[PDB]
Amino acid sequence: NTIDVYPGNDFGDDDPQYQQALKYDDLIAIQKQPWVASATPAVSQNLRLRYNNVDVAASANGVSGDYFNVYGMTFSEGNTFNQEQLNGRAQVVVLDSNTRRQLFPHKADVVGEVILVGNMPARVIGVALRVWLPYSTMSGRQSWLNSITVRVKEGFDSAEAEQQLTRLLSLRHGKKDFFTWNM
């Protein structure tokens, strides 16, 4: 019913070699196929994070709920998004270690705090110079892709759909810098 698409050679492939291996043109190429119900991108921008007079250049990454497990990331503090928050387009944010250390130089716990992603307020709900938000929260906002969710059409076997997706993307890159997850 749902096929996610991530950059990297497989699950856990953290290598920043491939972090933009997915393009918007790939999105258009996917949407154009019969078995595709929809294809929502997960977009990422460079922005400036400000909190009580401190400002750091950072990267807001719109991701899905499973992004951290997919790249084998563990949480120093807090949780990840749940699907009511992803579908509610809620404004919650996960910091990485360095964003936390510089916008909150010595605070004991940070979950509940409110930072300003660009000019949109976001509530810190966890910690893992990058910050992550629900892709639905960022979809309305020069950028790149870090994930693609592909909803399949009814009547279509998701496996042969996954194989046509895989041969599509693989035919459009000249590499296999990506991997899929058929959920």
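Residue indices: 1-based, along the sequence shown.
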Looking at residue 63 and residue 64, the deposited sequence has unmodelled residues in between totalling none
Count class of deposited residues lacking coordinates, residue 141 to residue 142:
1 to 3
Mean CA temperature factor from the deposited coordinates, higher in 149-157 or in 130-138?
149-157
Comparing 119-127 with 48-56, the higher average Cα temperature factor in the PDB entry belongs to 48-56
Ranked by Cα temperature factor within the chain, is residue 15 in the lowest third, the middle third or the highest third?
highest
Ranking the modelled residues of this chain by C-alpha B-factor as given in the entry, is residue 81 in the lowest, middle or highest third?
middle
